[PDB]
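Presented below is the structure to which this report refers.
Methodologically, a virtual Cβ is constructed for each residue, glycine included, from the backbone with ideal geometry; neighbour enumeration extends over all protein chains shown. Each answer follows from the model by the rule given with it, or from the source it names; no laboratory instrument gave them.
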Amino acid sequence: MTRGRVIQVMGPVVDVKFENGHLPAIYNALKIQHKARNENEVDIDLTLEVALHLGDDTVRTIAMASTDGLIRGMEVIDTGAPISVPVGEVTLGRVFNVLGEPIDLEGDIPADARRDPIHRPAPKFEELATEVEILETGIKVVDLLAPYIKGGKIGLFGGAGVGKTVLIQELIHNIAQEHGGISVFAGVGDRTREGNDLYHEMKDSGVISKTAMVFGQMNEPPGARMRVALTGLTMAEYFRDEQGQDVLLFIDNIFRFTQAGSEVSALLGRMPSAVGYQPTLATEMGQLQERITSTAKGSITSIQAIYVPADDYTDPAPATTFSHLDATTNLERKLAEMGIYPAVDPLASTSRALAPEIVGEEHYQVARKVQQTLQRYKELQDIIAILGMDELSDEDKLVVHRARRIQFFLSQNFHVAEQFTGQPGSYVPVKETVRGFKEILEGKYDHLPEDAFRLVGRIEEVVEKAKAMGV
Amino acid sequence: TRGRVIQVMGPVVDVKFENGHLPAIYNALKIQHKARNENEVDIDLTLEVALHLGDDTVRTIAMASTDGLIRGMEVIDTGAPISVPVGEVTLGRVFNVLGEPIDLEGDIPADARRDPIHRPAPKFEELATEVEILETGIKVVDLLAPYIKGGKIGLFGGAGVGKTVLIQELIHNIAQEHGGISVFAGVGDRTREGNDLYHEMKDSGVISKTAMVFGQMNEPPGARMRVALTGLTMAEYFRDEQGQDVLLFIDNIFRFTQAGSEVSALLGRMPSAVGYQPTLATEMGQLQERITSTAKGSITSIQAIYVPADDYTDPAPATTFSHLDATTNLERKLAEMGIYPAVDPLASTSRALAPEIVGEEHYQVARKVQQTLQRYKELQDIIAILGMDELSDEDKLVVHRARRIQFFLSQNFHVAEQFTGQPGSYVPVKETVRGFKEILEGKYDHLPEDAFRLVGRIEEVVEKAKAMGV
Amino acid sequence: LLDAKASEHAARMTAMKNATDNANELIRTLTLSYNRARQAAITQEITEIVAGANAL
Amino acid sequence: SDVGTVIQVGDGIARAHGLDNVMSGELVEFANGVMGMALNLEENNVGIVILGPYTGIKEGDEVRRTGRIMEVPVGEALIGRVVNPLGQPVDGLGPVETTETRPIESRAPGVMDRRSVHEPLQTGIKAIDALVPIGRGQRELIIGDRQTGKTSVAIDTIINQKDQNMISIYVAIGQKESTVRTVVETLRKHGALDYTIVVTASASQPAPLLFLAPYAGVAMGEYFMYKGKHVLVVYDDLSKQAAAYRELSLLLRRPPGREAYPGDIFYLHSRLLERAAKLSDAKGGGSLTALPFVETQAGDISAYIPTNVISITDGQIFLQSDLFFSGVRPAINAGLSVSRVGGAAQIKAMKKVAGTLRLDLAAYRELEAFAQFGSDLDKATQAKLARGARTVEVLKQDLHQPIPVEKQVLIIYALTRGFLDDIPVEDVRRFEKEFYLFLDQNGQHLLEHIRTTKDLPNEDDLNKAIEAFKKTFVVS
Ligand SMILES: Nc1ncnc2c1ncn2[C@@H]1O[C@H](COP(=O)(O)OP(=O)(O)OP(=O)(O)O)[C@@H](O)[C@H]1O
Ligand SMILES: Nc1ncnc2c1ncn2[C@@H]1O[C@H](COP(=O)(O)OP(=O)(O)OP(=O)(O)O)[C@@H](O)[C@H]1O
Ligand SMILES: Nc1ncnc2c1ncn2[C@@H]1O[C@H](COP(=O)(O)OP(=O)(O)OP(=O)(O)O)[C@@H](O)[C@H]1O
Ligand SMILES: [Mg+2]
Ligand SMILES: [Mg+2]
Ligand SMILES: [Mg+2]
């Protein structure tokens, strides 16, 4: 009947035999509740999600908590539905797990409050809305070279320890104060120290009242980590459609969704492809990322961090995700080690809004002209690496001087960096950012030394920092 | 004694012959079904055996699409290999892999002789190995890798570099003059080029001395595999029984090797190397060792090979390199610089560059050019990092001459009339030696380098410079 | 002129020492990237071979 | 009988038991109403690919045989509608109201049924029309890295086909749906949708429909082609069709290959791209035409999927990111881009004005590389190096700004014949615009002759007009 039995256990994966003619649907949830009937046995609460129909009345299921203790013959109840997450105003101010249970020790959510499914179909072509206006973050490099878009997808690529989370915290600080709207923070594979740290940042700020948080972390079993992103997004989808409020969705590491799928996919019995990745990588990523869209009813802007597996961009997972993103910044380890914070690649980062219409002609001649100076510097990298700058002549000398100025003037002092370096932070408005680049490009500040162009806000700050040195 | 289909696995089919009178490897079968009801589709199919499995069951590769195939149909056993019309009936007409005429010109009679496509290769008792030089009028080949009359010639290159264009220049020159049958076949051939070649043969009148087999890129793999053997059985009949000397043109013989891979997994073979069949060297040997010039008569053979991923270290090109007498390798780096035809003057070598088979004066000039171009290759690294002015007078004079030699290997073809406006040239061998000797001795070094591109004779280079104003 | 020519040759000598030292350092850095790649390709070809062999 | 039952369901792939009379390539119908295609037939299991949401198909559901091979709906009613790979309307706006169907596994027109392509497809981009020409029925590949301008060169082509009796199809494979709605609104604004059909296969769909989408698109255009009207087709990514087959196949369990691609990648791409042709006068002289796309990681020409597709097409247009960031747009590497039909696909004037151009912009590229390492140079090299730079300027062109062919030939005649040398390099882009204005107000006779004759007018008159403008133009 609805009761089914366990037959095989294989790390994350479990196999459930059901009665003939009464099998669960393909994303449906099951329950194990067992009380020890002898000293040897142990007691369990667990829930599982159906993933394949295996033949012979058997359904293969990924699990949502650790399967240690599972004894073949543990009985299974059937929920009849996908994992159902509590939604409404009751979510605001609360911390959650994948199962929907509150982990904040403030109570438990009333059983009569409506809970909606996690797996729902994607939005239709008739509904989607396309518009462009520019979102202002005060960070120099984003505002000139690759501007972010309201209602879009914003992606932060980088290798291990290269500065993804600090840029996310600076974005939270500036944007969520000015936003006037709902926020959701969803942590997939997030270092636990950060979770204790942020909950306290949000309570101290008073910003907690207008936001909700889902966490599944590095310690949890692989199954729970996949479904956590989908869990965060069903709450956000209620705020955009039924309340009608505009929303921000922040995802801590989107790479762990593919990585968790890679481990469980091999045990589910699928064959592997490329560098060990599953044979369903494109479809699984796309099913999640198509839901994250602006609509006629309202708008979601999503800020995502992508961990590159090694410093290898060509690896299949990071490159499948590049196509779904509107604005992208790619941090580079080599710059971080030179001392350029934030470490954005000026020539690799791209966004749909660097168009003469959207950002305006002035912000346009200036942006392309910056890229032209920097690209020449990469060609001259492999000559100046051996001989030095004696071989260079004429235009080569002038181009390297101005490239050094530009590359240090893209670096900034952040309010979130105060916990590492004693300096105060700076916010640079766009009109200042565009104006500043022009004077460097004309050559009006040729005399000032390169060490005065680091970690400053608006251009004037370089003149007083030079005057402190006297060089 | 009839048969029944059991498994249809894309290109492969499995037919179980219950009589116990199973067929043979390399034999061909027939599936002729008329639709009983509206749901079905009429089918006409030929299948060539590959393997005997256990339960009275045989694996077969199809020569048409397996769409509309239903389990339980009927297969008729011919009892022989695929059989092809051979005789004067082939001259002037185009046929499919099975010897059925594609062209609208007519239908071959059932009284005609047919021969079997499969046959053991010629033997050491009756092969032969005399050398003569075949003139083409193309500067690079006539100097650095002379084609040998009665021998195998191979054009190697990666995708989109000129293999097809160079075949059309050789066919304009060599086809008209030769007095013997010429067979042209097209394994894996671009159709927009098969149709163009028919109209080119009709313009000139080469059609009366020619026969054609076409197998397009869009056919099932089985057809692409056997379209090389069909052309070869026709050329063999003209060599052996009629005794006239002959040319064979095979277009993209890599597509023969590539087809085997597709069918290997469905036949049940384990994989080898870079996703290749366990039997690569065998199949290449069986086809290639039939393409010979015997004591009875000569087949001069010209083939195009595609270098699978711009990697000359791949198995299919490497194995192929062992079976050739002359080879020209085409490089995309030269094609980017616009030096056409884009031929490597170092990697292209032929067994005929020996003093006796070409003369002392020819050999001296040829090896001396090859020293100049190898010296320019090492010196380019030093120039790229340190700069050209840093170097000695002898090093400067090498770079001077090597630039001119490399551009003077380029030539204006008749098939480059459509691609480059200018009409085209034929350079006799004596002239090519005179000119290259002048470049090496420095007589023409005063002229500006831009005048050596896409030209035929050295006389022309002097005038082209005059227009520039030098 | 005697000061000028003595100081030139010296200048060329200094540049050439530093140029050679930069080149030899680049050779060890590049050499390791080649070895890292050679090891990488070998593992890939083996895994594609064994994946098809496991399927069949 | 004709009824079976599903035994395995997963990842969009199903196996059924029963269904004895099925054909390879049939359509099969599940109870839920989702449709499917049979691709394998073992002794006890039929292998079926699901063409819809599989979250309602359980083991022990029934599946029943339709009796039809895979068929796509065709008719004049599809023009101006946004549709699925299966003939199902997506834009809203109700039914498509088609009349008949065609197989998606058609045979290509054979040898002896085709003619040399002999008529232009004027794109309105100077570099493509002058250097890398396309003629009706010639396959041309647009290959570049992400965000290099590839989509723009295609959309600009559809917009500049309004006057000619052309029908265009845009197949979006693997694209996010918001982008396709943006493309459709862009076409509607330029008035393009009135003669176009959009086929959509968004990244959320089961990979089987991504795989069927290009075939559906050509199946829709060949209907018009065999009726005589000329057609153009665009495939937004064939590299996403390849990825989708790899999942469809690796999943089916067919063993792997080079990378993890099956060996049947070359067959898949040949089957699709060989249905593009120019039919002969007996068949009524129609034309299909094709523009596939291919994205390459790190901008590399030498790789497995790129070289397979470069082997099938009748030329290529390779777009480079390092040119794109250096101010040349649209950025086309002239050294790596060549057209096999170039020369036949042009009006007589353009053949005479601009014949050596693709090679010319290659000699400048090499002579630039050598002289950055040559110090002093002679007179013949300083003269020639200048022409290439003058040429690279004249080849530049901004987004959504078409230039008619008669104006292209006149500016290239200044460029090839050499009157353009006097103007400094920085003023060349500006000189062009003033020349077009002067030509419209004063020089109606020269343009009249070009539209009338498809040939160049008398040299003395042309020299007179251009020399006179060189009096009017003001320079640094
Ligand atoms: N803007 C900055 N100001 C000061 N220090 C910085 C800045 N950006 C990076 N760093 C330093 O580099 C390190 C970056 O740590 P961070 O928490 O941002 O790593 P991460 O990239 O988010 O880690 P992970 O890859 O695991 O997710 C810290 O030591 C930090 O102090
Ligand atoms: N001699 C030549 N002169 C001028 N251009 C040439 C010459 N040879 C080749 N080309 C150019 O290069 C192109 C090569 O196209 P072609 O299809 O012949 O390449 P391929 O290497 O034979 O292709 P594949 O490997 O797919 O069979 C020609 O269409 C033309 O543009
Ligand atoms: N001639 C031009 N002048 C200026 N900007 C141009 C020109 N041509 C293209 N661009 C710009 O280049 C970018 C091209 O974006 P687009 O998405 O069309 O590129 P793509 O390479 O086709 O993208 P994808 O990789 O998704 O296929 C836009 O910023 C566009 O405005
Ligand atoms: Mg983090
Ligand atoms: Mg070719
Ligand atoms: Mg695009």
Only one of D:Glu100, D:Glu43 is among the acidic types (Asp, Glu), closer than 20 Å to D:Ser24 by Cα and surrounded by fewer than 16 Cβ atoms within 10 Å (Cβ to Cβ), namely D:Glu43
Selection from region B:354-393 of residues on the phi > 0 side of the Ramachandran plot and surrounded by 14 or more Cβ atoms within 10 Å (Cβ to Cβ) yields B:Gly387
- Looking at this structure, is D:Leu359 closer than 23 Å to D:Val341 by Cβ, surrounded by 18 or more Cβ atoms within 10 Å (Cβ to Cβ) and of a type outside the set (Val, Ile, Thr)? yes
Restricted to region A:258-292 and to residues being facing another protein chain (nearest Cβ under 9 Å) and of a type in the set (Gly, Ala, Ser), the residue nearest to the chain's Cα centre (by Cα) is A:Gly286
Log entry, pairs with first residue in region C:36-56 being more than 10 Å from chain B (Cβ to nearest Cβ), second being in a helix (DSSP H, G or I) and aromatic (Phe, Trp, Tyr), beta carbons closer than 6 Å, six or more apart or on different chains, reads none
Note to self: So for region D:396-406 (the condition being without any contact (Cβ under 8 Å) to a residue 40 or more places away in the chain and surrounded by fewer than 20 Cβ atoms within 10 Å (Cβ to Cβ)), does at least one residue qualify?
What the structure shows: yes
Quick count over region D:399-437, residues being part of a loop (DSSP other than H, G, I, E, B) and more than 26 Å from A:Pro356 (Cβ to Cβ), is 1
Selection over region B:322-343 where residues are within 17 Å of D:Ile301 (Cα to Cα) and touching a strand residue (DSSP E or B) at 6+ places or on another chain (Cβ under 7 Å) yields a count of 1
So, first residue assigned by CATH to the domain that holds B:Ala366 in region B:440-455, second residue assigned to a loop (DSSP other than H, G, I, E, B) and within 16 Å of ligand 2 (Cβ to nearest atom), Cβ within less than 6 Å, six or more apart or across chains; the pairs are B:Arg453/B:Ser410; B:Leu454/B:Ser410; B:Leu454/B:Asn412
Flagged in region A:91-139 as within 14 Å of chain D (Cβ to nearest Cβ) and aliphatic (A, V, I, L, M), in numbering order, are A:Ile118, A:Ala122, A:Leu128, A:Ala129, A:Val132
The correct count of residues that are crowded, with 18+ Cβ neighbours inside 10 Å and either within 11 Å of ligand 2 (Cβ to nearest atom) or not in a helix (DSSP H, G or I) (or both) in region B:394-425 is 9
Subset of region D:104-156, residues within 16 Å of ligand 2 (Cβ to nearest atom) and among the hydroxyl-bearing types (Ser, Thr, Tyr), comes to D:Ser116
D:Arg181 meets each of (1) more than 30 Å from D:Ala282 (Cβ to Cβ); (2) part of a helix (DSSP H, G or I); (3) touching a residue at least 12 places away in the same chain (Cβ under 8 Å) with one exception, condition (3)
The lone condition B:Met9 fails out of (1) in contact with a helix residue (DSSP H, G or I) (Cβ under 9 Å, 6 or more places away or on another chain); (2) away from every other protein chain (no Cβ under 13 Å); (3) within 16 Å of B:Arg71 (Cα to Cα) is (2)
Note: among B:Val470, B:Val462, just one is β-branched (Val, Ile, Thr), assigned to a loop (DSSP other than H, G, I, E, B), surrounded by fewer than 18 Cβ atoms within 10 Å (Cβ to Cβ) and not assigned by CATH to the domain that holds B:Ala347, namely B:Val470
Residue hits (region D:136-149; out of contact with any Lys or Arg (no Cβ under 8 Å at 6 or more places or on another chain) and surrounded by fewer than 21 Cβ atoms within 10 Å (Cβ to Cβ)) are D:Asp145, D:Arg146, D:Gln147
When region A:179-189 is checked residue by residue, the ones that are under 20 Å from A:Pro222 (Cα atoms) and out of contact with any strand residue (DSSP E or B) (no Cβ under 7 Å at 6 or more places or on another chain) are A:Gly189
Filtering region B:120-132 down to residues that are surrounded by fewer than 16 Cβ atoms within 10 Å (Cβ to Cβ) and touching a strand residue (DSSP E or B) at 6+ places or on another chain (Cβ under 9 Å) yields B:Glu126, B:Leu127, B:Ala128, B:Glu132
Apart from one, (1) under 24 Å from D:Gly137 (Cα atoms); (2) part of a helix (DSSP H, G or I); (3) not aliphatic (A, V, I, L, M) all hold for D:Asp360; the odd one out is (1)
Restricting region B:235-255 to residues that are closer than 13 Å to B:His178 by Cβ and touching a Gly at 6+ places or on another chain (Cβ under 8 Å), the one farthest from ligand 2 (Cβ to nearest atom) turns out to be B:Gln244
Scanning region D:363-386 for residues that are assigned to a helix (DSSP H, G or I) and aromatic (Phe, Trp, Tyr), the one farthest from B:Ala335 (Cα to Cα) turns out to be D:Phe370
Item to complete: Confirm whether B:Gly231 is away from ligand 6 (no atom under 16 Å from the Cβ), buried (at least 22 other Cβ atoms within 10 Å of the Cβ), within 20 Å of B:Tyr26 (Cβ to Cβ) and not hydroxyl-bearing (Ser, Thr, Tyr).
Response: yes
Wholly inside region A:71-189, strands (runs of 3 or more DSSP E) that include 1 or more residues that are more than 21 Å from the chain's Cα centre (by Cα) and more than 30 Å from A:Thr433 (Cβ to Cβ) are A:75-78, A:84-86, A:115-117
If you go through B:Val358, B:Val307, the only one that is over 27 Å from B:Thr257 (Cβ atoms) and among the aliphatic types (A, V, I, L, M) is B:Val358
Over region D:453-476, the set of residues part of a loop (DSSP other than H, G, I, E, B) and within 24 Å of D:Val425 (Cβ to Cβ) is D:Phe473, D:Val474, D:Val475, D:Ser476
With criteria (1) in the same structural domain as A:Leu230 (by CATH); (2) over 17 Å from A:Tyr27 (Cα atoms), A:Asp68 comes up short on (1)
Taking region D:193-249 and keeping only residues that are of a type outside the set (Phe, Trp, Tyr), more than 12 Å from every other protein chain (Cβ to nearest Cβ) and not in a helix (DSSP H, G or I), one is left with D:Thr196, D:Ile197, D:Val199, D:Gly228, D:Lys229, D:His230, D:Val231, D:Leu232, D:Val233, D:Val234, D:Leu238
When (1) more than 16 Å from ligand 1 (Cβ to nearest atom); (2) touching a residue at least 40 places away in the same chain (Cβ under 8 Å) are applied to A:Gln375, the one that fails is (2)
Matching residues in region D:156-178 (more than 14 Å from chain A (Cβ to nearest Cβ) and assigned to a helix (DSSP H, G or I)) number 4
